[PDB]
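Engineer: Here come the first chain(s), positioned as in the complex:
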Amino acid sequence: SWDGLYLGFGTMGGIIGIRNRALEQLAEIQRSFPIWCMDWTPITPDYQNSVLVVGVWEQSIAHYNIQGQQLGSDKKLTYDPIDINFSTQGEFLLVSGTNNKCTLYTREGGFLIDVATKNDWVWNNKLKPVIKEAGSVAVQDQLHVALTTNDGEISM
């Protein structure tokens, strides 16, 4: 977690475990499908609360609280997700997986664009972090992504 206090792990047996820095069973969730991609929402002055976003292999992305109670979103997907990455300040969400496409979403779940179609599974996609100065003025329209495909291509 971005607060440095919590830790979240997933198992292909369907178990999602949330622990503290002392590695104790703070929360356990049992599913029926393997767990591949997990992330923690970045801290934000507007939100200031951290939730765990996990992409299951039953064509769904789920939001989980600290206590383990689901937020009830359970957004459905056409394709099985593989990787989930959160942009800085928690504004965007880069989702990859089946159909060989790298897509962008809002944190709510609204589709915006797709980035690329690599004709093969994209194992890992990452976003470029940005640093803003004290009172800096800039549109910051530019965005950078790095993709890795299964064939062996590392594209930007």
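Structural biologist: Great, that's in hand. Numbers count the residues shown, from 1 in each chain, chains lettered A, B, ... in the order given.
Engineer: For the residue nearest in space to the middle of chain A, which non-adjacent residue is closest in space?
Structural biologist: Taking CA atoms, centre = their mean, the centroid of chain A lies closest to residue A:84, which sits 3.0 Å from it. Nearest residue to residue A:84, sequence neighbours excluded (CB to CB, 6 or more residues apart in numbering): residue A:37, at 4.2 Å. Quick note: C-beta positions are derived from backbone N, CA and C, even for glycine.
Engineer: Beta-bridge partners for that neighbour, please?
Structural biologist: Note on residue A:37: beta-bridge partners by DSSP bridges are residue A:55.
Engineer: Would you confirm that it contacts residue A:80?
Structural biologist: No. If you go by CB atoms under 8 Å, residue A:37 and residue A:80 don't touch, sitting 10.1 Å apart.
Engineer: Neighbour count for the two, which is higher?
Structural biologist: Neighbours of residue A:37 and residue A:80, each counted by other CB atoms under 10 Å, are more numerous for residue A:37; the result is 20 against 17.
Engineer: what residues are up against that one?
Structural biologist: Counting by CB atoms under 8 Å, 6 or more residues apart in numbering, residue A:37 touches A:54, A:55, A:81, A:82, A:83, A:84.
Engineer: Next SSE downstream of the strand or helix carrying the residue nearest to the centre of chain A?
Structural biologist: Element membership of residue A:84, judged by DSSP states H and E, is strand A:81-86. Using DSSP H and E, the helix or strand that directly follows strand A:81-86 along the chain is strand A:92-97.
Engineer: angle of that following strand against strand A:81-86?
Structural biologist: Angle of strand A:92-97 versus strand A:81-86, following axes from the mean of the first three to the mean of the last three CA atoms, to 10 degrees, is 170 degrees.
Engineer: Run the chain-centre distance for the helix or strand following strand A:92-97.
Structural biologist: As assigned by DSSP H and E, the chain's next helix or strand after strand A:92-97 is strand A:101-106. Chain-centre distance of strand A:101-106: 11 Å, with CA atoms, centre = their mean, to the nearest Å.
Engineer: Now the element after strand A:101-106, going C-ward?
Structural biologist: Counting by DSSP H and E, the element after strand A:101-106 in chain order, helix or strand, is strand A:111-117.
Engineer: now for chain B, put it on the one above:
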Amino acid sequence: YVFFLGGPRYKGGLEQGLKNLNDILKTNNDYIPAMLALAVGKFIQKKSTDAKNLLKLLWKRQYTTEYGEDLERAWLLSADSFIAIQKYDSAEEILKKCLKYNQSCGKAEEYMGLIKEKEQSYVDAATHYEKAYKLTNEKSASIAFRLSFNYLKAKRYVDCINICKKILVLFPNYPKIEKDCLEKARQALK
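Structural biologist: If we add chain B to the chains shown above, we get the following:
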């Protein structure tokens, strides 16, 4: 043909077609559709020696541009008659001839892939099965399962997972393909 494929509706149409075909052969023996229909009827009527004999005498004829298609069909039938027994070499010969004279046959490449898979040559069998699946565009299920199994046995788990996902999306009544190859590939991926 209609009498043969009409089933037990009349039970006398097939024999009348047999007499008509025999009379046609008496008047004109070199008519390829006539011999093909009589061979099909012999297949229907449990006859063993006569059907293979007719197929053989049809094989001797040189390729005529007017009656190619029927010839191909007969060749395919002969190939099937060769694949029903251990004589795989002659089946492969007929299959190679058919693929030499045609590049869009559906059952031919499926039979070739089955032979290659049974001879544990998985790369060529997978290629032939993939080409056959491409020919009949994403509708058949059995050859899809065969391709998934071949990919799983060849350590190509990504393609097997894709094929299993597609076939499960198409036909949800196939639980056999879910616990056999999809799970094994999923667990062997990482």
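Engineer: circling back: so which elements touch the strand holding residue A:84?
Structural biologist: Contacts defined by 3 or more CB pairs under 8 Å, 6 or more residues apart in numbering or on different chains; DSSP states H and E place strand A:81-86 against strand A:35-40, strand A:52-56, strand A:92-97, strand A:122-127.
Engineer: Mind putting those strands into CSV with distance to chain B?
Structural biologist: Shown next, in CSV, are the helices and strands packed on strand A:81-86 (distance: least, CB to the nearest CB, whole Å):
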stretch, distance to chain B
strand A:35-40, 8
strand A:52-56, 13
strand A:92-97, 11
strand A:122-127, 10
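Engineer: what's the residue in chain A that chain B sits nearest to sitting at in phi/psi?
Structural biologist: When scored by CB to the nearest CB, chain A has residue A:121 as its residue closest to chain B, at 5.9 Å. When read as degrees, to the nearest 10, the backbone of residue A:121 gives phi -60, psi 130.
Engineer: isn't it right up against residue A:150?
Structural biologist: Yes. Assessed by CB under 8 Å, residue A:121 is found in contact with residue A:150 at 4.4 Å.
Engineer: shared neighbours of those two, which are they?
Structural biologist: Counting by CB atoms under 8 Å, 6 or more residues apart in numbering or on different chains, the common neighbours of residue A:121 and residue A:150 are residue B:158.
Engineer: got a list of what the residue of chain A closest to chain B touches?
Structural biologist: A:82, A:97, A:98, A:100, A:149, A:150, B:158.
Engineer: hmm, try it at 7 Å
Structural biologist: By CB atoms under 7 Å, 6 or more residues apart in numbering or on different chains, the contact set of residue A:121 is A:82, A:100, A:150, B:158.
Engineer: ok, now how distant is it from residue B:37?
Structural biologist: Distance of residue A:121 to residue B:37, given as CB to CB, to the nearest Å: 51 Å.
Engineer: Secondary structure element holding the closest residue to residue B:102 other than its chain neighbours?
Structural biologist: Spatial nearest neighbour of residue B:102, excluding adjacent residues (CB to CB, 6 or more residues apart in numbering or on different chains): residue B:72 at 6.2 Å. Using DSSP H and E, residue B:72 sits within helix B:68-83.
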